[PDB]
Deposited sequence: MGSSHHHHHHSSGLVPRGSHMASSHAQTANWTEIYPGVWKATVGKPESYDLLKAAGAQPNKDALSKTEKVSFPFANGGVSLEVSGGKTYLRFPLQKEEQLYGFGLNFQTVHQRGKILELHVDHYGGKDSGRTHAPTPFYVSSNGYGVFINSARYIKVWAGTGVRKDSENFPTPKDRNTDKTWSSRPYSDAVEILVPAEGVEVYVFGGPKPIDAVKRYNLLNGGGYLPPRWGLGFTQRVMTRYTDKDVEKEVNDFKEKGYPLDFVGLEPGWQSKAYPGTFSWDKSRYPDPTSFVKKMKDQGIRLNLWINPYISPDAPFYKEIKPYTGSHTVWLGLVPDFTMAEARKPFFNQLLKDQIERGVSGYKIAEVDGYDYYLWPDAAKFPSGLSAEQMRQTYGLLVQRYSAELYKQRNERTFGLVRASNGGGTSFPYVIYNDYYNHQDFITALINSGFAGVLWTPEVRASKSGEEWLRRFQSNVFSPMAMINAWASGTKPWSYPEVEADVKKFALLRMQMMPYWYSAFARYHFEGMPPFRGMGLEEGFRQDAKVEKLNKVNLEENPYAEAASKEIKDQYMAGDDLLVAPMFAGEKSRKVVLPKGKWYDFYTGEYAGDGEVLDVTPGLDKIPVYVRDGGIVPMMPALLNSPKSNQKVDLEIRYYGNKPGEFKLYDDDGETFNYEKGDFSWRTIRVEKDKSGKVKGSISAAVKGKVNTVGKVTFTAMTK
């Protein structure tokens, strides 16, 4: 039976749940306060058809579907957005080129167009039939037809239920009420703790450099950025920062980084944080190898031992080493690779772990474990982090990590960004290389409208300027990313405080939209792909305005758009507001005031809540943050008229001079 545990959140325990699961792995704390503030709504299945039962060692779940109903979610899918009629086995893996359920974050959470959601809190591989099964006892069992004579015969008859098989003696299930699909998503995310509140520097530009770069090489690239006037907040170091990689020593290479404490200080003195690549596989030359060895799994990954991070005795030496040798030198964060797959790189399910945990549950949660305990080191020091991870799952909403991968299909990169908002994780459509300046710029354009503005040059050695044809436009989009920082910061604050995903699909305020996404509350983004001169944009009801010129674009209609190579199609909702700081090269400090131009689109009176705090510590948890309310409209004369609410006594205030601009002439 379903206990209403929070407004719009119901929990059922079926059979005997396992003692390890996703929420537990994650150490995921609900945001009770934000949840308590959501509307009481009624239980979304009001007319029966729900079945929860255990049999033959397994838990069988069934939830009914109505005829109108579309489904979204089941994790970070790359080619599909509509999920009804799909069959999946949710299984952490590097993406393999089709949507089978094998993916970086195979979140067992789905959302319906009728405005509810369902989360299956198991760390096993989970099978889903999302409306494919046709039951003989169904109330909607179609009438048998004779294929020999009836041309209306169907190869895929109507199915009226989502079916889920969990390989265990019981499971915890959570149901999220609406009224709208986005509501279900927000409560799910809040149940997970809300999204991480990133530091401002996390929303700036990151350049990752080639594997082999020395300290001098990095110092030079930093100078080139500065000299060329390109923004940069943090640099990614790749495997050659370690004395050995694959497997790793988790200790600085003496040859390429002869003085780490000094190298890290110098970068920081220039405004540059560092983010370090790791996979968590242990070299014999690692300083804690012998200590940790008995707390590792039976099977290795690239000949490195696999720590059982569910054990204090594995956690302590691993993370103490990151703490003492890097974090305490000033390293800002980490890039966690190769905790996903493929099956032939990672441990088999047949592997055994010292804690007794199944290899399967370890596979499903390893990314979560590494996220969790690394994030903790930073929190302990009252310091925010932000970085990258190649696997996550249900339970992982609150972690300071963005998913990336080694796939590269650009269209699919955008589909993944859309599905990220249904999956309780962040994704970045990263930039690495390109066969043309056109492709370079299109990729860079979509990437600055995402969680993380990044070129990953580990193998390519590219820099933002590497394609001379498009170099001026790349710079402009790099500077835009900085200007838009207050817009992104406030979007991310809503992720944290209300569970609102900052990037999500259409219709979350009839056929599938896989190539447009909302970015914050106000912007509809419709990327161009290389080799296209034009594309269609499907605008929702209500009026929309061109992001660049402020001109009316349309209202509930399809547009044909020929944007040119120098623009990514972006439209602003009527009364939409985008606060813009100056084109700074470095994210501003907490003791620093910054001027804002409020860009106001359309004529509908507009309202925007600007988030503000020190941008780097956990002081916000003690209440040291503000929401500055911004209102803009045009008066009688058609002249812009705007207000910003007053700064709050005793709070951080980074808001400088505020001016208002009516974009729609």
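Unmodelled segments of the deposited chain, in sequence order: 1-29, 539-564.
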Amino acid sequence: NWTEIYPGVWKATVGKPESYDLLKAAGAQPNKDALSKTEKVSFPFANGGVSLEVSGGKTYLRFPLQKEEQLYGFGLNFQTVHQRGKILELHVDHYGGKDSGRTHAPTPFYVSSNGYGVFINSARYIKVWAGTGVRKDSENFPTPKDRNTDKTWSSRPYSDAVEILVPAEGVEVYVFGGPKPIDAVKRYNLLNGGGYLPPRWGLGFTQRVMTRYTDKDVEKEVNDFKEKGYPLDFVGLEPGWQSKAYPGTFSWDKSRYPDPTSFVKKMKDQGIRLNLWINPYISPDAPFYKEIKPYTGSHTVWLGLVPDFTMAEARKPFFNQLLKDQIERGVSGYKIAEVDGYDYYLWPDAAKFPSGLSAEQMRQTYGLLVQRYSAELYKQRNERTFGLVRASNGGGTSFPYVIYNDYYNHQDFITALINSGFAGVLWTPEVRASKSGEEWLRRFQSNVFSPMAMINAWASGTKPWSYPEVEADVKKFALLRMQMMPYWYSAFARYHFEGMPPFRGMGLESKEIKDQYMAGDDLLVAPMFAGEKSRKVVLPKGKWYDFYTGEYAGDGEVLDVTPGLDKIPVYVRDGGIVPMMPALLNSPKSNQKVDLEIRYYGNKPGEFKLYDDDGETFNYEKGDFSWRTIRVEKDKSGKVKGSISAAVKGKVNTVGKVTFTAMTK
From here on, numbers count along this sequence of modelled residues.
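Look at the C-alpha B-factors of 411-419 and of 328-336. On average they run higher in 328-336. Of the two stretches examined, 268-276 and 338-346, the record assigns the greater average C-alpha temperature factor to 268-276.
Annotation for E430, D99, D224, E238: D224 ranks highest, by Cα B-factor. The PDB entry assigns its highest CA temperature factor, among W440, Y571, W458, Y213, to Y213. Among the modelled residues of its chain, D613 has a C-alpha B-factor that falls in the lowest third, as given in the PDB entry. For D473, the recorded CA B-factor ranks within the middle third of the chain. Only modelled residues enter the ranking. Residue-level temperature factors show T296 in the highest third of its chain, judged at the C-alpha atom.
Among the modelled residues of the chain, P106 sits in the lowest third by CA temperature factor in this PDB entry. For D183, the recorded CA B-factor ranks within the middle third of the chain. Only modelled residues enter the ranking.
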